[PDB]
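Visitor: Following this line is coords-v6.pdb, made up of PDB, C-alpha atoms:
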```
ATOM      1  CA  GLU A   1      90.223  79.121  88.464
ATOM      2  CA  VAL A   2      90.229  82.928  88.340
ATOM      3  CA  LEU A   3      89.609  85.464  91.108
ATOM      4  CA  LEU A   4      88.663  89.088  90.496
ATOM      5  CA  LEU A   5      89.849  92.054  92.556
ATOM      6  CA  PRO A   6      88.836  95.730  92.376
ATOM      7  CA  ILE A   7      92.398  96.914  93.020
ATOM      8  CA  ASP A   8      95.627  96.047  91.266
ATOM      9  CA  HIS A   9      97.856  93.229  92.504
ATOM     10  CA  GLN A  10     101.578  93.118  91.780
ATOM     11  CA  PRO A  11     103.329  90.328  93.722
ATOM     12  CA  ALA A  12     106.060  91.188  96.179
ATOM     13  CA  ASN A  13     109.676  90.457  95.330
ATOM     14  CA  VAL A  14     111.288  90.230  98.756
ATOM     15  CA  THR A  15     110.051  88.339 101.813
ATOM     16  CA  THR A  16     111.150  90.824 104.472
ATOM     17  CA  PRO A  17     108.719  93.646 103.660
ATOM     18  CA  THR A  18     109.324  97.329 104.304
ATOM     19  CA  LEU A  19     108.086 100.696 103.125
ATOM     20  CA  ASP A  20     107.842 102.220  99.694
ATOM     21  CA  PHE A  21     105.186 104.534  98.257
ATOM     22  CA  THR A  22     104.716 103.188  94.707
ATOM     23  CA  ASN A  23     101.181 101.809  94.903
ATOM     24  CA  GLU A  24      97.744 102.889  93.783
ATOM     25  CA  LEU A  25      96.249 103.534  97.208
ATOM     26  CA  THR A  26      99.034 105.937  98.167
ATOM     27  CA  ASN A  27      98.635 107.564  94.736
ATOM     28  CA  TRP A  28      94.913 107.941  95.464
ATOM     29  CA  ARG A  29      95.477 109.343  98.962
ATOM     30  CA  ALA A  30      98.058 111.756  97.552
ATOM     31  CA  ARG A  31      95.591 113.013  94.935
ATOM     32  CA  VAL A  32      92.849 113.444  97.559
ATOM     33  CA  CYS A  33      95.188 115.358  99.877
ATOM     34  CA  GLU A  34      96.500 117.651  97.136
ATOM     35  CA  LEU A  35      92.977 118.488  95.988
ATOM     36  CA  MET A  36      91.996 119.261  99.582
ATOM     37  CA  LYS A  37      95.064 121.515  99.617
ATOM     38  CA  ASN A  38      93.688 123.136  96.450
ATOM     39  CA  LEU A  39      90.298 123.516  98.145
ATOM     40  CA  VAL A  40      91.728 125.157 101.282
ATOM     41  CA  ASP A  41      93.986 127.266  99.030
ATOM     42  CA  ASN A  42      91.362 129.676  97.709
ATOM     43  CA  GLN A  43      90.382 132.692  99.792
ATOM     44  CA  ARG A  44      87.212 133.038  97.706
ATOM     45  CA  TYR A  45      85.613 129.849  98.998
ATOM     46  CA  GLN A  46      86.228 130.642 102.669
ATOM     47  CA  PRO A  47      87.304 134.245 103.373
ATOM     48  CA  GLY A  48      87.001 134.155 107.162
ATOM     49  CA  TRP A  49      90.196 132.236 107.782
TER      50      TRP A  49
ATOM     51  CA  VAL B   1      91.184 104.438 109.988
ATOM     52  CA  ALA B   2      92.217 100.873 109.098
ATOM     53  CA  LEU B   3      93.588 102.189 105.811
ATOM     54  CA  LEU B   4      95.440 105.022 107.551
ATOM     55  CA  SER B   5      96.888 102.761 110.257
ATOM     56  CA  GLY B   6      98.489  99.355 109.849
ATOM     57  CA  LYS B   7     101.824  97.767 110.698
ATOM     58  CA  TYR B   8     103.649  94.443 110.585
ATOM     59  CA  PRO B   9     105.369  92.563 113.389
ATOM     60  CA  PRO B  10     108.721  94.280 113.809
ATOM     61  CA  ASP B  11     111.048  91.819 112.042
ATOM     62  CA  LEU B  12     109.019  89.265 110.102
ATOM     63  CA  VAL B  13     109.631  86.772 107.310
ATOM     64  CA  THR B  14     106.571  86.063 105.195
ATOM     65  CA  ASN B  15     107.193  82.471 104.107
ATOM     66  CA  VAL B  16     107.629  81.379 107.730
ATOM     67  CA  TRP B  17     104.527  83.381 108.715
ATOM     68  CA  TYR B  18     102.248  81.889 106.064
ATOM     69  CA  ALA B  19     103.788  78.413 106.433
ATOM     70  CA  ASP B  20     102.716  78.477 110.059
ATOM     71  CA  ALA B  21      99.337  80.108 109.447
ATOM     72  CA  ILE B  22      97.993  77.998 106.562
ATOM     73  CA  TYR B  23      98.874  74.580 108.054
ATOM     74  CA  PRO B  24      95.823  73.721 110.273
ATOM     75  CA  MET B  25      93.231  74.809 107.709
ATOM     76  CA  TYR B  26      94.771  72.307 105.296
ATOM     77  CA  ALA B  27      95.058  69.677 108.007
ATOM     78  CA  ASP B  28      91.282  70.097 107.960
ATOM     79  CA  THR B  29      89.605  67.991 105.266
ATOM     80  CA  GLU B  30      85.986  69.181 105.300
ATOM     81  CA  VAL B  31      86.196  70.398 101.688
ATOM     82  CA  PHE B  32      86.237  66.896 100.185
ATOM     83  CA  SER B  33      82.926  65.873 101.756
ATOM     84  CA  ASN B  34      80.872  68.608 100.063
ATOM     85  CA  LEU B  35      81.555  67.140  96.618
ATOM     86  CA  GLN B  36      79.603  63.970  97.419
ATOM     87  CA  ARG B  37      76.711  66.193  98.500
ATOM     88  CA  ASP B  38      77.015  67.955  95.133
ATOM     89  CA  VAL B  39      76.832  64.535  93.427
ATOM     90  CA  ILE B  40      73.650  63.522  95.184
ATOM     91  CA  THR B  41      72.078  66.960  94.639
ATOM     92  CA  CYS B  42      72.594  66.682  90.869
ATOM     93  CA  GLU B  43      71.499  63.028  90.821
ATOM     94  CA  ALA B  44      68.383  63.912  92.815
ATOM     95  CA  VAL B  45      67.252  66.754  90.553
ATOM     96  CA  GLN B  46      67.854  64.607  87.454
ATOM     97  CA  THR B  47      65.959  61.596  88.806
ATOM     98  CA  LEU B  48      63.169  63.928  89.930
ATOM     99  CA  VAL B  49      62.612  65.249  86.430
TER     100      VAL B  49
ATOM    101  CA  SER C   1     122.161  57.628 117.737
ATOM    102  CA  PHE C   2     125.844  57.673 116.775
ATOM    103  CA  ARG C   3     126.339  53.972 117.489
ATOM    104  CA  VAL C   4     123.198  52.929 115.577
ATOM    105  CA  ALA C   5     124.336  55.193 112.720
ATOM    106  CA  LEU C   6     127.546  53.168 112.691
ATOM    107  CA  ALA C   7     125.603  49.904 112.856
ATOM    108  CA  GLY C   8     123.197  50.615 109.973
ATOM    109  CA  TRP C   9     125.955  50.398 107.346
ATOM    110  CA  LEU C  10     125.843  46.616 107.666
ATOM    111  CA  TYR C  11     122.099  46.585 107.067
ATOM    112  CA  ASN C  12     121.626  49.096 104.286
ATOM    113  CA  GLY C  13     119.533  46.500 102.465
ATOM    114  CA  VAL C  14     116.760  46.115 105.072
ATOM    115  CA  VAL C  15     116.732  49.266 107.201
ATOM    116  CA  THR C  16     117.775  52.753 106.226
ATOM    117  CA  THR C  17     118.695  55.520 108.623
ATOM    118  CA  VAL C  18     117.219  58.980 108.130
ATOM    119  CA  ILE C  19     117.308  62.168 110.166
ATOM    120  CA  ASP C  20     114.251  62.980 112.287
ATOM    121  CA  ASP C  21     111.787  65.680 111.254
ATOM    122  CA  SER C  22     112.396  67.616 114.470
ATOM    123  CA  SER C  23     116.083  68.104 113.639
ATOM    124  CA  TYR C  24     115.081  70.172 110.603
ATOM    125  CA  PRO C  25     114.374  73.913 110.945
ATOM    126  CA  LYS C  26     110.870  74.740 112.120
ATOM    127  CA  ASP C  27     108.350  75.947 109.500
ATOM    128  CA  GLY C  28     111.000  75.939 106.772
ATOM    129  CA  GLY C  29     113.289  78.368 108.557
ATOM    130  CA  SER C  30     115.104  81.376 107.172
ATOM    131  CA  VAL C  31     118.636  82.750 107.019
ATOM    132  CA  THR C  32     117.648  85.885 108.942
ATOM    133  CA  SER C  33     117.597  83.806 112.148
ATOM    134  CA  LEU C  34     120.634  82.677 114.109
ATOM    135  CA  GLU C  35     118.813  79.602 115.435
ATOM    136  CA  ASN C  36     118.069  78.261 111.963
ATOM    137  CA  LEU C  37     121.657  79.027 110.938
ATOM    138  CA  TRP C  38     122.935  76.809 113.747
ATOM    139  CA  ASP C  39     120.276  74.199 112.901
ATOM    140  CA  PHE C  40     121.593  74.125 109.340
ATOM    141  CA  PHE C  41     125.175  73.768 110.600
ATOM    142  CA  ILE C  42     124.319  70.813 112.864
ATOM    143  CA  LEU C  43     122.215  69.158 110.148
ATOM    144  CA  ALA C  44     124.797  69.576 107.376
ATOM    145  CA  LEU C  45     127.433  68.017 109.594
ATOM    146  CA  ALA C  46     125.181  65.137 110.624
ATOM    147  CA  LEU C  47     123.866  64.127 107.176
ATOM    148  CA  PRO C  48     126.786  62.185 105.517
ATOM    149  CA  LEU C  49     126.648  59.278 108.004
ATOM    150  CA  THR C  50     123.113  58.131 107.218
ATOM    151  CA  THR C  51     122.438  55.427 104.637
ATOM    152  CA  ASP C  52     119.807  57.566 102.943
ATOM    153  CA  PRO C  53     120.320  57.800  99.158
ATOM    154  CA  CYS C  54     118.629  61.243  99.029
ATOM    155  CA  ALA C  55     120.757  62.801 101.773
ATOM    156  CA  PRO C  56     122.693  65.178  99.420
ATOM    157  CA  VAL C  57     119.423  66.445  97.952
ATOM    158  CA  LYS C  58     118.130  66.987 101.491
ATOM    159  CA  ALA C  59     121.375  68.833 102.290
ATOM    160  CA  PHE C  60     120.914  71.123  99.294
ATOM    161  CA  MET C  61     117.214  71.792  99.699
ATOM    162  CA  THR C  62     117.400  72.559 103.427
ATOM    163  CA  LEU C  63     119.585  75.502 102.444
ATOM    164  CA  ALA C  64     117.318  76.326  99.490
ATOM    165  CA  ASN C  65     114.293  76.449 101.810
ATOM    166  CA  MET C  66     116.222  78.798 104.061
ATOM    167  CA  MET C  67     117.377  80.911 101.090
ATOM    168  CA  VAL C  68     114.041  81.389  99.273
ATOM    169  CA  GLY C  69     113.111  85.061  99.157
ATOM    170  CA  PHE C  70     116.692  86.127  98.499
ATOM    171  CA  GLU C  71     117.819  83.752  95.722
ATOM    172  CA  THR C  72     116.041  81.538  93.212
ATOM    173  CA  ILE C  73     116.582  78.181  91.508
ATOM    174  CA  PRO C  74     114.556  77.189  88.431
ATOM    175  CA  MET C  75     111.727  74.755  89.101
ATOM    176  CA  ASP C  76     110.756  72.145  86.538
ATOM    177  CA  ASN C  77     106.957  72.362  86.753
ATOM    178  CA  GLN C  78     104.438  74.899  88.030
ATOM    179  CA  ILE C  79     103.279  72.554  90.810
ATOM    180  CA  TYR C  80     106.148  72.655  93.285
ATOM    181  CA  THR C  81     107.864  75.717  94.747
ATOM    182  CA  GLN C  82     111.461  76.184  95.904
ATOM    183  CA  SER C  83     109.995  76.592  99.397
ATOM    184  CA  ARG C  84     109.123  72.883  99.604
ATOM    185  CA  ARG C  85     110.068  71.245 102.900
ATOM    186  CA  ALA C  86     113.153  69.047 102.684
ATOM    187  CA  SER C  87     111.544  66.112 104.513
ATOM    188  CA  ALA C  88     109.730  65.137 101.314
ATOM    189  CA  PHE C  89     112.823  64.746  99.116
ATOM    190  CA  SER C  90     113.561  61.113  99.880
ATOM    191  CA  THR C  91     112.714  59.259  96.660
ATOM    192  CA  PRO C  92     114.876  59.897  93.545
ATOM    193  CA  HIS C  93     112.027  61.126  91.346
ATOM    194  CA  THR C  94     112.073  64.380  93.352
ATOM    195  CA  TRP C  95     115.668  65.335  92.564
ATOM    196  CA  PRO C  96     115.684  68.693  90.746
ATOM    197  CA  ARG C  97     117.518  69.187  87.480
ATOM    198  CA  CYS C  98     119.041  72.374  88.905
TER     199      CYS C  98
ATOM    200  CA  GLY D   1     116.064  84.606  88.752
ATOM    201  CA  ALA D   2     116.240  88.292  89.611
ATOM    202  CA  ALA D   3     112.982  89.175  91.354
ATOM    203  CA  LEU D   4     111.568  92.452  90.021
ATOM    204  CA  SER D   5     107.808  92.543  89.532
ATOM    205  CA  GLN D   6     107.524  96.254  88.723
ATOM    206  CA  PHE D   7     108.400  95.592  85.083
ATOM    207  CA  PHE D   8     107.959  91.920  84.172
ATOM    208  CA  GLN D   9     107.137  88.505  85.576
ATOM    209  CA  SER D  10     107.140  85.021  84.094
ATOM    210  CA  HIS D  11     104.310  82.486  84.101
ATOM    211  CA  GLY D  12     106.175  79.680  82.332
ATOM    212  CA  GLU D  13     107.095  80.242  78.653
ATOM    213  CA  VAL D  14     104.841  83.356  78.689
ATOM    214  CA  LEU D  15     106.398  86.646  79.773
ATOM    215  CA  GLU D  16     104.142  89.529  80.717
ATOM    216  CA  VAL D  17     105.465  93.085  80.679
ATOM    217  CA  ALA D  18     103.769  96.378  81.531
ATOM    218  CA  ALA D  19     104.177  98.712  78.578
ATOM    219  CA  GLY D  20     103.545 102.389  79.143
ATOM    220  CA  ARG D  21     103.926 106.026  78.141
ATOM    221  CA  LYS D  22     104.105 106.375  74.401
ATOM    222  CA  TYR D  23     103.191 110.033  74.993
ATOM    223  CA  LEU D  24     103.971 112.400  77.863
ATOM    224  CA  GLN D  25     101.788 115.245  79.123
ATOM    225  CA  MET D  26     103.175 118.701  79.884
ATOM    226  CA  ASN D  27     101.883 121.269  82.373
ATOM    227  CA  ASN D  28     100.266 123.559  79.783
ATOM    228  CA  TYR D  29      98.128 120.741  78.371
ATOM    229  CA  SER D  30      94.580 121.764  79.224
ATOM    230  CA  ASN D  31      92.335 119.508  77.058
ATOM    231  CA  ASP D  32      91.917 122.315  74.538
ATOM    232  CA  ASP D  33      90.072 121.728  71.276
ATOM    233  CA  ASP D  34      93.286 122.020  69.241
ATOM    234  CA  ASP D  35      95.366 119.871  71.587
ATOM    235  CA  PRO D  36      96.677 116.633  70.065
ATOM    236  CA  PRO D  37      94.915 113.526  71.379
ATOM    237  CA  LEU D  38      97.085 111.172  73.385
ATOM    238  CA  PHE D  39      94.879 108.028  73.171
ATOM    239  CA  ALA D  40      95.254 107.221  76.905
ATOM    240  CA  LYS D  41      98.954 106.435  76.391
ATOM    241  CA  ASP D  42     100.146 108.924  79.020
ATOM    242  CA  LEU D  43      98.731 107.140  82.081
ATOM    243  CA  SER D  44     100.513 104.771  84.449
ATOM    244  CA  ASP D  45      99.152 101.610  82.817
ATOM    245  CA  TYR D  46      96.938 101.360  79.750
ATOM    246  CA  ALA D  47      97.732  97.771  78.737
ATOM    247  CA  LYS D  48      99.673  94.660  79.730
ATOM    248  CA  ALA D  49     101.388  93.108  76.718
ATOM    249  CA  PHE D  50     102.030  89.375  77.113
TER     250      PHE D  50
END
```
Any chance you could put this one into structure tokens?

Guide:
Amino acid sequence: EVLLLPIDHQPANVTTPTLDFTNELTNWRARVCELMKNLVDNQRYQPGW
Amino acid sequence: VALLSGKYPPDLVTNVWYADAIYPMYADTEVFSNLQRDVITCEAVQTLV
Amino acid sequence: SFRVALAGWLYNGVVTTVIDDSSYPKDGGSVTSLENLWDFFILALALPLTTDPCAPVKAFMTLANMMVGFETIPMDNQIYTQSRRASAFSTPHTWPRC
Amino acid sequence: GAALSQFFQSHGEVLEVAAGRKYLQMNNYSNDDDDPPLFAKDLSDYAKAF
């Protein structure tokens, strides 16, 4: 009786759901977007901008 | 794009939503009939050997 | 319905009067909805005239089914949830210790 | 009966609780060869003590 998931599961408290940002997929998207900010940051890697 | 875009119905309550949604697939009773097939599969392979 | 509710008090021992399933809130109901609030009001007024010995437990657990998600009672086992429909609670082995 | 699953949740006479952050990493930590090891106790979740 066990089921395996590749992502974390923390059960919801309330039953009228609404937004917050404290989950692993938003953490992952935030890390991807800040590293793409770091990649567009350097003038060495793309000087013609 | 399905990860970047997704929303709920505008004012929803989850226990009412799932208590409507899960009801016909438990009114179904197909799952009990497969166990007898599992019986006769195991009995058949044993009596074969 | 009112006159037969008055008549069933003489014949507690053979027939018992209960409230119909359709008078309960639909799909459990919730307190975020005005319709289920009025359903609970009508039901909680109508319950004390029936000769059903589990009518107070039905009166409590109709509200508990509406209230689940916001408040919490303790449950005795890990089988049944607070969000269990109040039609079922009509035999005294289902009365919760809370 | 207070519902808060960010920190603990009960399974019936067994409480689970997410321990975390024995150590804390600063900005100037750069995985240098004389840096003190932190033993993966600076992440979000390294274990779930029951």

Visitor: Using all atoms listed in the file, determine which residues of chain A fall within 10 Å of chain B; present them as a VMD selection string.

Guide: chain A and resid 14 to 18 25 29

Visitor: Can you work out the spacing between atom CA of residue C:58 and atom CA of residue C:25 in Å, to one decimal?

Guide: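 For atom CA of residue C:58 relative to atom CA of residue C:25, the distance reads 12.3 Å.
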
Visitor: Give me the residues of chain C that have any atom at most 10 Å from an atom of chain A; for each, the nearest atom pair and the distance in Å, rounded to one decimal. Use all atoms listed in the file, sort by chain and number, and format it as a tab-separated table.

Guide:
```
residue	atom	partner	partner_atom	distance
C:32	CA	A:16	CA	9.3
C:68	CA	A:15	CA	8.4
C:69	CA	A:15	CA	5.2
C:70	CA	A:14	CA	6.8
C:71	CA	A:14	CA	9.7
```

Visitor: Please, could you write that set of residues out with C-alpha atoms as a compact mmCIF listing (two decimals), in the coordinates of the input?

Guide:
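So selection_29.txt came out as:
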```txt
# COMPACT_ATOMS: atom_id res chain seq x y z
CA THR C 32 117.65 85.88 108.94
CA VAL C 68 114.04 81.39 99.27
CA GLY C 69 113.11 85.06 99.16
CA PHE C 70 116.69 86.13 98.50
CA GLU C 71 117.82 83.75 95.72
```

Visitor: Care to translate the PyMOL selection byres ((chain D and resi 26) around 12) into actual residues of this file, as a PyMOL selection string?

Guide: chain D and resi 23-25+27-31+35-36+38+42

Visitor: Could you list the residues chosen by the PyMOL selection byres ((chain C and resi 40) around 9) in this structure as a PyMOL selection string?

Guide: chain C and resi 24-25+35-39+41-45+59+62-63+66

Visitor: Check every residue of chain C for an atom within 8 Å of chain D, counting only C-alpha atoms, and provide those that qualify as a ChimeraX atom specification.

Guide: /C:71-74,78

Visitor: Give me the residues near residue A:10 as a ChimeraX atom specification, where near means some atom within 12 Å (using only C-alpha atoms) and where sequence neighbours in that chain fewer than 6 positions away do not count.

Guide: /A:22-24 /D:4-9,16-18
